[PDB]
Structure formats: C-alpha cells, structure tokens
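As structure tokens, one chain now follows by itself in the form deposited in one PDB entry.
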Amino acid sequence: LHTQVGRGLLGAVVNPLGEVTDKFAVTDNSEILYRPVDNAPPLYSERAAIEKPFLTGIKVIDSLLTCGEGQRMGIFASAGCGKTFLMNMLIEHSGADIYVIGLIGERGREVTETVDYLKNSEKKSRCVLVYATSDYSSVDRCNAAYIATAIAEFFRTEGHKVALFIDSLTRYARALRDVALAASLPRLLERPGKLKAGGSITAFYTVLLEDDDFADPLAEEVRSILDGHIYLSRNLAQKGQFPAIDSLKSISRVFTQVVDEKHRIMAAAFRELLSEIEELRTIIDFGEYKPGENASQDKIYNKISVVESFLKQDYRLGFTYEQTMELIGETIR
C-alpha cells in the first residue's frame, strides 16, 4: 500500500485511500510523489539524541514540560477537557516547518471543525490533514494513521522540522482490534524522531480517558511507550483553568536534556510551589486555614493568584521562551 506524499499536499485534506478530497489552502507547489505507508522505524544508529527544545508557545509546557525535537508526547484527556483546543494551540503557537494531522475520529462534524480551523489558521499553507470517520471501515481508520505518518516521514527526509498529530490513538487501537478480528503499535509510535541525516518528526498522540480521568489498559501501555505525557484534568477544566493541564501529573522525559541549568532550577522551584499550593488547598477545604496563624501558609495563599495567572493562557496567545521564563521567574519571587 502506497500513498501520495510531497509539497503538493500542503493545504490538502486526504482521505483513508490517500486521495485529496478537499483543500483548506492552495500553494504554488505541485510536487506529488509516492511512498509506501508501511516503513520500518529508523535504526538506532540513524537516530539523533533528543537535545533541542521543540517550543510550543504554551507557558506551562515550555516551562515545566519542555518538549524536544523528535519526541513522542501523549495527550491524555476525558471528553470535554479541551484536547482539540490544546492541539490547535500546539499547531498555532509552535514553530514547526510542517504540520501533519491525522484524525481517526468518528463523526464528520469533527473533521469539518478541524478543516474550518485550518481554513482560518496562519499555518494553513504548511499543514496536511488526513482523516477517517466512523463511516469508514476499521482498515481505513488504521490506514489514516499510517498515511499521516508516511507524509510526515517524507517531509522529514527533506530536512523539515515536522509536527505530527494523531487524534486519537484510542480510536486507532479500537479499529486495530476490529481489524485483528478479521484476521501492531509501537511500530507506529516508533516512527517519529530526529534523524542524523534528516529533519525530525515530533509527534503528539491523543488518548481518551473513559469515565473520570482513568487510564484503561491502553492508556497505561501508551504512557509506557512514549517520551512523556500531558494530562488534561476535567477537574481543572470545571474550575475554569484553560489549558486544563495538570502539570504535577504530567512529564516530559527529555526535559533535563533540552533545557539549561537555570531553567531546571526555576522549574523545580515552581513545581515545589505548586505542590505547596495543592496542600494548602486541601487544608482550606478541611476548614483548617486561618489567616495570620502560620506565616508560611499565608505566603503560599498569597501566591495562588499569580500562579494561576501564569498557568492560564488565552488560546489565541503564544509566548516566546524568553517571555515564559521571565514570567515564571516573576511568579516564584
């Protein structure tokens, strides 16, 4: 099985057969080539070490969860936790050369929502969208993930810094299970990375949490395979914190490899402040907080608003690395 690749797909919407069915942008490049959708992962000796940050423009991620070029990062959330808006922010406020989105959704309205977003995005000329809805077979739903990854791999071989999004691994795995009935990952999940001889694919895989923010077996397996995970808390969403990232239950496993020492120090001091705030929140809920009785508790209390203001981010705003580190420094003062 082969699929179209190349710069002529920039601005295009591609179906699970690999054909263009819609456009959210038009470009002057018409390059169309063909590649197999199944390809072995790089050899260990062809991979470069993850050592350069992949900046997202999102304050909490760039400061506490810093991604690296070539990393695979999970995004874990229940329904209604802002996963799609977080992906929109990751596309809009990062600095990749090319974005490849693979939607393994179920209803055509979600695909159309992503198409309309891209139609109004500043990144439209550098995106490719691959989709499969519930109307498509399970074979077609798995193939959409493979097509998206093969397109990203072509741009990586050209030298580009590519961001790949697969939404969602949960529905990919459900379709894979259905296909297995008729008769895989991490073979899919190990295809991203930075190549010594080429560019990089930095990949974000979404995982749905069922019921509360509970990790079914698939979620545990995915978390073990990836280089980190961002957890979106329904509880933080209902309190009105957007992005609803729970940084104390999130991790980038490459963090200390991609930021410098002064950043490490600031991030550790901020995380210690967040933990102190969570303990104080419980003490408040227990009715045991009385102003003036404990000066360290009062100091923590008076940090809550500045901390919340650092974590909060309008989805239309992106922050440079220098701005983010300036702000986190002000917060821990």
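Take the two forms, superpose them, and find the largest set of C-alpha atoms that agree within 1.5 Å; that set is the rigid core. The first residue of the sequence shown is number 1, and the count goes up from there.
The next section is about a form of this same protein that is not shown, the form deposited in another entry.
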Quiz item: Core aligned, which of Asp227, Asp246, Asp213, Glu92 has the Cα that shifts 2 angstroms or more between this form and the one not shown?
Solution: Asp213
Quiz item: When you overlay the rigid core, is the Cα of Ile300 off by 2 Å or more between this form and the one not shown?
Solution: yes
Quiz item: Hey, the CA atoms of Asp213 and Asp178 end up closer or farther in the other form than in the shown form, with the change being 3 Å or more?
Solution: closer
Quiz item: Given that the distance between the C-alpha atoms of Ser63 and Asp213 changes by 3 Å or more in the other form, do they end up closer or farther than here?
Solution: farther
